[PDB]
Amino acid sequence: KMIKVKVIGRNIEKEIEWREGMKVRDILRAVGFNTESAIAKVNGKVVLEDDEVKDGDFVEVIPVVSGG
């Protein structure tokens, strides 16, 4: 299971396998970030740092201020 990281709505696609026993947090750990810089949302659904991802969830980290 590998992770992908993008800056809130920064446009960062990179397909990504997945694995067994791990968690959202870890994949975010592949960023060296249990997501600190952000709010996370997989498939358009919102989550917390511990609310897993699944499937090669990316990672979003950066001033997630959607309003521009």
# chains A, B, ... in the order shown; residues from 1 in each chain; ligands from 1
>>> residues_around(residues="range 24-31 of chain A", least_positions_apart="5", cutoff="12 Å", atoms="only C-alpha atoms", output="PyMOL selection string")
chain A and resi 1-7+16-19+36-42+47-61
>>> select_by_dssp(residues="chain A", states="helix (DSSP H, G or I)", output="short mmCIF file (atom, residue, chain, number, x, y, z; two decimals) with N, CA and C atoms, in the first residue's frame")
data_model
loop_
_atom_site.label_atom_id
_atom_site.label_comp_id
_atom_site.auth_asym_id
_atom_site.auth_seq_id
_atom_site.Cartn_x
_atom_site.Cartn_y
_atom_site.Cartn_z
N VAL A 24 -5.63 4.52 7.27
CA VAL A 24 -5.40 5.89 6.70
C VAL A 24 -4.13 6.51 7.26
N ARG A 25 -4.09 6.70 8.55
CA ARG A 25 -2.99 7.48 9.17
C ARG A 25 -1.67 7.10 8.49
N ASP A 26 -1.28 5.86 8.61
CA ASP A 26 -0.01 5.46 7.90
C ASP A 26 0.05 6.04 6.49
N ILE A 27 -0.80 5.66 5.58
CA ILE A 27 -0.60 6.17 4.19
C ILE A 27 -0.22 7.65 4.27
N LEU A 28 -0.86 8.33 5.17
CA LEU A 28 -0.54 9.77 5.43
C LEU A 28 0.85 9.86 6.06
N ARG A 29 1.19 8.90 6.87
CA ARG A 29 2.59 8.78 7.37
C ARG A 29 3.57 8.70 6.20
#
>>> select_by_dssp(residues="chain A", states="strand (DSSP E)", output="list in words")
residues 40, 41, 42, 45, 46 and 47 of chain A
>>> write_last_selection(atoms="C-alpha atoms", output="CSV table (one decimal), in the first residue's frame")
chain,number,residue,atom,x,y,z
A,40,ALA,CA,-8.9,14.8,4.6
A,41,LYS,CA,-11.7,13.6,2.3
A,42,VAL,CA,-11.6,10.3,0.2
A,45,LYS,CA,-16.2,12.0,1.7
A,46,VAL,CA,-14.8,13.7,4.8
A,47,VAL,CA,-12.8,11.9,7.5
>>> atom_distance(atom1="CA of residue 35 in chain A", atom2="CA of residue 20 in chain A")
20.0 Å
>>> residues_around(residues="residue 65 in chain A", least_positions_apart="3", cutoff="9 Å", atoms="only C-alpha atoms", output="list in words")
residues 8, 62 and 68 of chain A
